[PDB]
Amino acid sequence: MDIXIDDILXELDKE
Amino acid sequence: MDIXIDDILXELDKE
Amino acid sequence: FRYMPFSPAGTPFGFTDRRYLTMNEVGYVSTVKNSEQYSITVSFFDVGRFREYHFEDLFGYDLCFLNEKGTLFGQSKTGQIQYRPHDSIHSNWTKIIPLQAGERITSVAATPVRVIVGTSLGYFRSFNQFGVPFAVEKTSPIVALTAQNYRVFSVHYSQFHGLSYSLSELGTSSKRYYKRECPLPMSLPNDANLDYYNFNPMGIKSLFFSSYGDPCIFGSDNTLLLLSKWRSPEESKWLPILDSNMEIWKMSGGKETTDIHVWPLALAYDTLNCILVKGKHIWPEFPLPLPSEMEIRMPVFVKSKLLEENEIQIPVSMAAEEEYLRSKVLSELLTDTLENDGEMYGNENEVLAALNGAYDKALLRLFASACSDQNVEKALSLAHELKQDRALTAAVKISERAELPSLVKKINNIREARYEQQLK
Amino acid sequence: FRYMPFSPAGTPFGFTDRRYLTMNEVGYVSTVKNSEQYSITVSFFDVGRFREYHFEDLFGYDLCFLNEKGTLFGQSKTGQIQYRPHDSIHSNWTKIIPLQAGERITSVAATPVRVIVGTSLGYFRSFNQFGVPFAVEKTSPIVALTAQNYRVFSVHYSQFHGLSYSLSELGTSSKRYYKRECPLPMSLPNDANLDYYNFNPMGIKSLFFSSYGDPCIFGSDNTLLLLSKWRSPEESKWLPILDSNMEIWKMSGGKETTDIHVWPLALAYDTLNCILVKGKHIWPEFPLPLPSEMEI
Amino acid sequence: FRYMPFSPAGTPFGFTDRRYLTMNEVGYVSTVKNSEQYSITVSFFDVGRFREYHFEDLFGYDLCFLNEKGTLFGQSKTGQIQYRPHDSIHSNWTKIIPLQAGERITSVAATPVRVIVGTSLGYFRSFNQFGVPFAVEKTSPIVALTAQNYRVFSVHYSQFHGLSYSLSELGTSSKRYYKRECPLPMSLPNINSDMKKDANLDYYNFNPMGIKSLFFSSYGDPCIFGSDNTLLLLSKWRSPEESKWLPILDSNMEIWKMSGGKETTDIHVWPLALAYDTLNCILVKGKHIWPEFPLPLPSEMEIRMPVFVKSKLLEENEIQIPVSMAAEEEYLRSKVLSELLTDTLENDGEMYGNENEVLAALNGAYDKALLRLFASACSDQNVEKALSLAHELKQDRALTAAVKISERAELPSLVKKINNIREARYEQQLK
């Protein structure tokens, strides 16, 4: 089961 | 141009 | 054993009358046989900063070292050296090094503040940039030298230990050793390139300090070795950070080639500046190609697994593991630099910040794969290695999206535990 | 010199189709040649504590290391390793180690927190118990490895000085060397046992940490060597604390025998755990005798 | 490799029946094959201070060490040692050193307060001046020992590490290491297949490592003199990370300069001691490189930094040295000796009572030689090289002399920069 994480990773990019 | 320094060195020995 | 004159990235004559004396990120120095003497050419990669020039060599310089301020030349048998600043403001100077019977100069190096000469008998002679001698030291026989500012990285050879290395600083006071004749785990040469190994028996294609000050060496196995933790004598270790044979393999679409070779010039943070040699011989020829860039990669990729996933395409899960390990190594090295020496190049603080960001991001990808595989234990160990507290938060959200509530509680215990250290 | 795959107390096939991969105080691991594959059996001396199991080996594992929490397997030529926890709560995992041309895995070791792989080119690769890689290090060519908690005892070989050893700690911070490629005063090997010396040219029958944390080695002279005071670089020395040839001689009522041999399993606080081998060969065969104890 | 019994400046029998057991600035000890036994003679260079004596050796002593208070003898195979004080106050004493099978005594040493014995297995046995044993230590195999007061300089050899050295102090109740088995960068002999009929092959069978002698200098710094005939001095040995071996005398080059720039093969140097800046030695004239009987009077050879080149010296012509080229060597020699003596005085203080005056004169010669190099840089219009030379000056009055040399050279920009050095040294003195 592939997990959607790309949105969570972009949330981590925000400063 | 050779520079004369022997008099300056002799003055350095005196205290 | 016969000691041959060493210079970083130098090439042999072969069947021609010309070769490269030395070569790095600043430029390249070549010599050509004419009549009875030699014609030396000093060329630069930044053409706008310095002007290429040539001069007649009446002595037969076979040793050379190049930096951003000048070029150092040496004659291995006669002991004569010459330092030529790039700018004509400063004058050239010449010196003859005393040599005993059978003693040869094996390596020279220069920084804007220091000039170093090593011999086959282990004589270590240092000078300032103007030729003023500072100290004559007796060590093990020297085979290769490099330098950066006041620091010297020397490679030694005896019949007892094999290859060893020393790491020292020539401050305004006395010479201090960070590492004194420690083991050098560089593989020694073990057919068409026989002319090179007669020219360079140790197979050291080049060695240099990185742009951030870490010693590097590049041997016959074409693997870039970087010395980590060299400020702590008990923690220093050599790290293989680039298997250039593997990178050429991946560049060729996964095909075994014997016509492409890597010639190392320098390590700029995460990129190996090199010459890509295309031809029968492993050393570059004339004219010299434009320098290339090869990003460093931890040697964790396996050819068989890479073939199944098909220039070679890397699966995102396997690429995350390498990026995590590479970010971990580079982050630890750069942190040690900033905590002891401060900034040297000018962008280390921003590089370290981006480095830690890429570290956690690659770690979170491995964390998601562990969650997808229902491996809660492997996921928790991955979460323990995260750096940013905001990355622990991202891991909680990935655990919730994976419907692993037991993992969420254990990761939240990590966040609470770190917040407790924040209260002390 | 050719690097052979090493495992603590491992035995050669000889003229049979079975042998022991590794062996210590926890138990013993055997492999059997069958039709087209191999059958590996993991047995334990404390039958009440662990569950014996066997499985079909499609890869031909020739390296093994056994501890109280799991078993580590390695394939010297392909670079494949597998870690199998004893408890079924934790899952097995498999990994392929990158190997250059002619490079072999020479020794593997594992603790509850670390997995170690050494190669004939001197590559030192470490992982945690779940397979997450931590660091790739370049050292002298590795011939033997053992580990305990966060500590690693490695035996190295160079073409100049011969055998050396390193002693390090793989802490949470960084790896620290207590001893870095120091002289290894183990006697090299000087025939019915010719198969063993082709199987293990260095003659290191086994190596391990003692129960109190000191490195031990057991060579062809059958003498147990203990590294004492290794935390003080200026006071560390190797102590011969048991000449098993002398104890076997005293056990036989003062008669010189050539049919009893000692196969070392572990060093506890005051007793050398071992297998007493009775036969032509110096290595144990099937079935395995009950473990013995020899007072220091 | 075979461990041979070593003694400082000892010579082999060769094709004769006599040889020197040991030799230094105090005197020399010789042994002569007498029928079935041996006749040992202890001779002194200060004839008015000590009386030469002789005794019959029924044991075959092949090891010896000589100091100002007594003579130590050793038997490499039996393990017997004897200490014989020069003065009759204390009596001689004899001891048998325990030796395992195949274990030999390789070197002995003695001071007025310490007696040291080293073995081929690396056993390090020490005693006080009366024979009271100290702790027994196990080290690497020992090949050479020397000692001065309470400090010991030991050379070790294994097939694993090659040559190493240790530097230690034998305190009242324990041995303390300043340096423990660090690399010893002394060149080993290079013997060919034609040496099997060479006249000096006998020495290298007698002394395989080629250590002609080793000793502490008069100021306490360890020195060694190998087959390359270069005096090596250990600098900064109180700082483990800064310790370095310094070649301070190429005696082959000095013999060449003494011979008027001619390559000779009949003159050799046999090292006895280092007195501050002078190597006490025997000038051996003959086919063999070691002295024979009778012993010549001791000579003195001043140390010289190995910076002179034969080709350059021939163009400037006993060899005469140009004052400009002599200044570079004198500056380097003064720099090395000043740094060593400063470390000695700041840690051990004075031992002879006049070291501060010696150090003061040393720093004077340092600045004086530096000012000559500064004048050559000014004469060559090399303002940058001259400023770097001025930074190395010690005395503030020497900075003034450099200003006056710069004014006489009409380099006003250099004058301002040297006066900036004076200002900077005034600011640092206030912090």
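Residues numbered from 1 in each chain as written, not as in the entry; some residues may be left out. Chains lettered and ligands numbered in written order. Heavy atoms only, no water. Residues with missing side-chain atoms left out of burial classes, pairs and counts.

Listed as the method for this PDB entry is X-ray crystallography; the listed resolution is 2.413 Å.

## Overview of the state of the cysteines
Inspection of the entire model under this criterion finds zero disulfides over all chains. Residue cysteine 274 of chain D stays outside any disulfide, its sulfur separated by 13 Å from that of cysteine 216 of chain D, the closest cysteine. (Disulfide = S-S within 2.5 Å.)

## Let's talk about the packing of aromatic side chains
All told, the structure shown has 70 aromatic pairs over all chains when counted by the stated rule. When the ring of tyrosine 28 of chain D is compared with that of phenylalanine 45 of chain D, the centres are 5.3 Å apart and the planes differ by 40°; the resulting orientation is tilted. Here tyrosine 28 of chain D, found in strand β2 (residues 27-33), pairs with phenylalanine 45 of chain D, found in the loop between β3 (38-44) and β4 (53-57); they are 17 residues apart in sequence, far enough to count as distant. Consider the rings of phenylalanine 153 of chain D and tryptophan 238 of chain D, whose centres lie 6.2 Å apart with planes at 45°: the pair is tilted. The same class applies to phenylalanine 153 of chain D and to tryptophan 238 of chain D, which are both buried. The rings of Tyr53, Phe55, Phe59, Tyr61 and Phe73 of chain C are connected pair by pair, giving a single aromatic cluster. The residue whose ring lies beneath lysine 138 of chain E is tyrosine 123 of chain E, and the NZ or CZ to ring-centre distance is 5.2 Å. (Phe/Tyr/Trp six-rings, centres within 6.5 Å; stacked < 30°, edge-to-face > 60°. Helix = DSSP H or I, 4+ residues; strand = E, 2+ residues; numbered from the N terminus. Buried < 20%, exposed > 50% of the residue type's maximum accessible area, 1.4 Å probe, protein only. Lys NZ or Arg CZ within 6 Å of the ring centre and 35° of its normal.)

## Comments concerning unusual backbone geometry
Residue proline 287 of chain C is bonded to the preceding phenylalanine 286 of chain C through a cis peptide linkage, with omega at 0°. A cis amide bond links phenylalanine 286 of chain D to the next residue, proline 287 of chain D, at an omega of 0°. Note on placement: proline 287 of chain D falls in the loop between β22 (271-278) and β23 (292-295). Residues other than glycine seldom take positive phi values, yet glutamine 374 of chain C does so here, at roughly 60°. Mapped onto the fold, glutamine 374 of chain C is located in the loop between α5 (348-372) and α6 (376-384). For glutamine 374 of chain C, a relative accessible area of 48% translates into the label partly exposed. Of note in the backbone geometry, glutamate 403 of chain C takes a positive phi value of approximately 60° without being a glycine. With respect to the helices and strands, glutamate 403 of chain C occurs in the loop between α7 (389-401) and α8 (405-422). When its relative accessible area of 69% is taken as the criterion, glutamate 403 of chain C is described as exposed.

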